[PDB]
Amino acid sequence: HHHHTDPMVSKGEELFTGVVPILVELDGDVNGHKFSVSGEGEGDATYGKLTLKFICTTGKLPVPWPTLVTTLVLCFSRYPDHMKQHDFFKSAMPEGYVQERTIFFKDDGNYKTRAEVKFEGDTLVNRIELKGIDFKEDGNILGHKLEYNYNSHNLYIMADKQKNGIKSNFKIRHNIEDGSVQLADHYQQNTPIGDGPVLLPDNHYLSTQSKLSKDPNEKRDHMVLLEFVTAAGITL
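FYI, the numbering for the sequence shown is -6 to 65, 69 to 232, going by the authors' numbering.
Structure follows, in structure tokens:
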């Protein structure tokens, strides 16, 4: 059960009670290599918990799987009760929100992404387009020099009142196979798809933990992702 004095909080919390099925679709194009990814799994916002398996449906993924983790559903974050009035992501549901990013891989190319996150029936759907340009053919991305792992990370969320949405910018660190690190500097904005009211948050952050694995029975190119996201940074 859920029980909040704000009916707008109640509306979003009710959509994310229990376990929610997730579908992810990504059509990408990086330096002229077209590819698609399909993902399926479940989210349990009560615990900030996501379990997803992604398949490259065009063959071999032309970029490293870790580079797509942030692109491939922050509505499943756990917002503490005393912060639920700051949960933009659930408040935009079920009509959804647009998530847009530019991801600058330092000394390399950049990803431009646009996604619509919304419910289709009971299923939470993340449909994405990605364009990657100016990548080095022998760089860490197109050369597949990134390790298959991921680090824990905090992203700070700010309101974007001009756009009735939010924005964030943050740096992801990708381990390179020779010990060093590839930086991926993310700029992010989110806006509601509908014109109904949303919750615009005070400044806070999301604390993320991600674990990547492989399905030993899966011959297609794939990534198994376990992710926890918790909102923080506002006191009681």
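All C-beta atoms, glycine included, are put in the ideal place defined by N, C-alpha and C.
Please return the same chain residues whose Cβ sits closer than 8 Å to the Cβ of residue i, not counting the five positions on each side in sequence.
| i | result |
| --- | --- |
| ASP104 | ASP130, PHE131, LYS132, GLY135, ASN136, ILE137 and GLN178 |
| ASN145 | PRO59, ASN171 and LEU208 |
| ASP174 | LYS141 |
| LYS102 | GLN178, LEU179, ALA180 and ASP181 |
To which residues of the same chain is residue i closer than 6 Å at the C-beta, ignoring the five residues directly before and after it?
| i | result |
| --- | --- |
| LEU45 | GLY32, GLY34 and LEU221 |
| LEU120 | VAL13 and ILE15 |
| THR204 | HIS149 and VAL225 |
| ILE230 | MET79 and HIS200 |
| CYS71 | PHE85 and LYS86 |
| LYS127 | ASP22 and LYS108 |
Once you ignore the five residues that flank residue i on each side, which residues in its own chain have a CB closer than 7 Å to its CB?
| i | result |
| --- | --- |
| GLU112 | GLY92, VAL94, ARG123 and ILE189 |
| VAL69 | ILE15, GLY36, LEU43, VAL113, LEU120 and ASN122 |
| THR10 | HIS(-5) |
| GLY5 | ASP83, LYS86, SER87 and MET89 |
| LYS157 | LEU196 |
| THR187 | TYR93, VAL94, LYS159, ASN160 and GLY161 |
Opposite residue i in the DSSP bridges: which residues?
| i | result |
| --- | --- |
| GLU112 | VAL94 and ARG123 |
| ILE99 | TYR107 and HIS182 |
| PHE47 | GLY32 and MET219 |
| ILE129 | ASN106 |
So, is residue i buried or exposed, given that buried needs 16 or more other C-beta atoms within 10 angstroms?
| i | result |
| --- | --- |
| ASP(-1) | exposed |
| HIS(-6) | exposed |
| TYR107 | buried |
| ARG97 | buried |
| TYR75 | buried |
Reducing DSSP to helix, strand and coil, say where residue i ends up.
| i | result |
| --- | --- |
| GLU18 | strand |
| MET1 | helix |
| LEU8 | helix |
| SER87 | helix |
| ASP156 | strand |
| residue 233 | Nothing about residue 233 can be reported from this structure: the residues present for the chain run from -6 to 232 only. |
| residue 233 | Because residue 233 is not part of the residues shown, which for the chain are -6 to 232, the question remains open. |
| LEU54 | coil |
> In the stretch 167 to 222, which residue ranges form an unbroken beta strand (DSSP E) of at least 3 residues, counting only runs that do not cross its ends?
Replying inline: The qualifying runs are 177 to 188 and 200 to 209.
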